[PDB]
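Next comes target_11.cif, a file with mmCIF, N, CA and C atoms and all ligand atoms.
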```cif
data_upload
loop_
_atom_site.label_atom_id
_atom_site.label_comp_id
_atom_site.auth_asym_id
_atom_site.auth_seq_id
_atom_site.Cartn_x
_atom_site.Cartn_y
_atom_site.Cartn_z
N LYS T 9 -57.20 24.46 -8.02
CA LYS T 9 -57.08 24.51 -9.50
C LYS T 9 -57.27 23.11 -10.08
N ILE T 10 -56.22 22.29 -10.00
CA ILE T 10 -56.28 20.93 -10.52
C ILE T 10 -55.46 19.99 -9.63
N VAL T 11 -56.12 18.99 -9.07
CA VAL T 11 -55.46 18.03 -8.20
C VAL T 11 -54.71 16.99 -9.01
N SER T 12 -53.46 16.78 -8.63
CA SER T 12 -52.62 15.80 -9.31
C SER T 12 -51.57 15.27 -8.35
N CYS T 13 -51.59 13.96 -8.17
CA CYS T 13 -50.65 13.30 -7.28
C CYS T 13 -49.23 13.42 -7.83
N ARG T 14 -48.24 13.08 -7.00
CA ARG T 14 -46.83 13.16 -7.41
C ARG T 14 -46.15 11.80 -7.28
N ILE T 15 -46.96 10.74 -7.24
CA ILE T 15 -46.44 9.38 -7.12
C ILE T 15 -47.06 8.47 -8.18
N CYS T 16 -48.35 8.69 -8.44
CA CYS T 16 -49.08 7.89 -9.42
C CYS T 16 -49.87 8.80 -10.36
N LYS T 17 -50.03 10.06 -9.97
CA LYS T 17 -50.76 11.02 -10.79
C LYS T 17 -52.20 10.57 -10.99
N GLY T 18 -52.88 10.25 -9.89
CA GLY T 18 -54.27 9.81 -9.95
C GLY T 18 -55.22 10.98 -9.68
N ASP T 19 -56.12 10.79 -8.72
CA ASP T 19 -57.09 11.83 -8.35
C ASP T 19 -57.00 12.14 -6.86
N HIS T 20 -55.85 12.67 -6.44
CA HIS T 20 -55.64 13.01 -5.04
C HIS T 20 -54.23 13.56 -4.84
N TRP T 21 -54.11 14.56 -3.98
CA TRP T 21 -52.82 15.16 -3.70
C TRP T 21 -51.79 14.09 -3.37
N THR T 22 -50.57 14.52 -3.03
CA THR T 22 -49.50 13.58 -2.70
C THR T 22 -49.64 13.08 -1.26
N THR T 23 -50.37 13.84 -0.45
CA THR T 23 -50.57 13.46 0.95
C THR T 23 -51.61 12.36 1.07
N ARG T 24 -52.74 12.54 0.39
CA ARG T 24 -53.83 11.56 0.43
C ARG T 24 -53.64 10.52 -0.68
N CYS T 25 -52.39 10.22 -1.01
CA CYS T 25 -52.10 9.24 -2.05
C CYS T 25 -52.15 7.81 -1.48
N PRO T 26 -52.76 6.87 -2.16
CA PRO T 26 -52.84 5.46 -1.66
C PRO T 26 -51.50 4.74 -1.78
N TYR T 27 -50.43 5.51 -2.01
CA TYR T 27 -49.09 4.94 -2.14
C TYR T 27 -48.04 5.93 -1.65
N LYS T 28 -48.26 6.47 -0.46
CA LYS T 28 -47.32 7.43 0.12
C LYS T 28 -46.15 6.70 0.78
N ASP T 29 -45.97 5.44 0.40
CA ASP T 29 -44.90 4.63 0.94
C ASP T 29 -43.54 5.24 0.64
N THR T 30 -43.56 6.37 -0.04
CA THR T 30 -42.33 7.07 -0.40
C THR T 30 -41.80 7.87 0.79
N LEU T 31 -42.20 7.48 1.99
CA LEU T 31 -41.75 8.17 3.20
C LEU T 31 -40.31 7.79 3.52
N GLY T 32 -40.04 6.49 3.58
CA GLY T 32 -38.70 6.01 3.89
C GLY T 32 -38.39 6.17 5.37
ZN ZN Z 101 -51.47 8.87 -5.77
#
```

Translate the structure described by the file into structure tokens.
Amino acid sequence: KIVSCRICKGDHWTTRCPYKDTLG
């Protein structure tokens, strides 16, 4: 449908986000 990140809301899911440092 529509791809939207959950960390920066760019152009890529939350998995392929260039800032998935939210792993901890
Ligand atoms: Zn992102």

Item to check | Contacts of region 20-22 of chain T within 8 Å, only N, CA and C atoms, excl. fewer than 6 positions in-chain, as a list in words | outcome: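 After dropping sequence-adjacent residues, the list is residues 10, 11, 12, 13, 14 and 28 of chain T.
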
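Taking only C-alpha atoms and all ligand atoms into account, ligand ZN 101 (chain Z) has within 6 Å the residues residues 13, 15, 16, 17, 18, 20, 22, 25, 26 and 27 of chain T.
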
Item to check | Point-to-point distance from atom N of residue 32 (chain T) to CA of residue 9 (chain T), Å rounded to tenths | outcome: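 We find that atom N of residue 32 (chain T) and CA of residue 9 (chain T) lie 28.0 Å from each other.
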
Draw an axis-aligned box over all listed atoms of region 24-29 of chain T, pad each side with 3 Å, and write its centre and edge lengths in Å, one decimal, as lines of an AutoDock Vina configuration file.
```
center_x = -48.7
center_y = 8.6
center_z = -0.6
size_x = 16.3
size_y = 13.9
size_z = 9.1
```
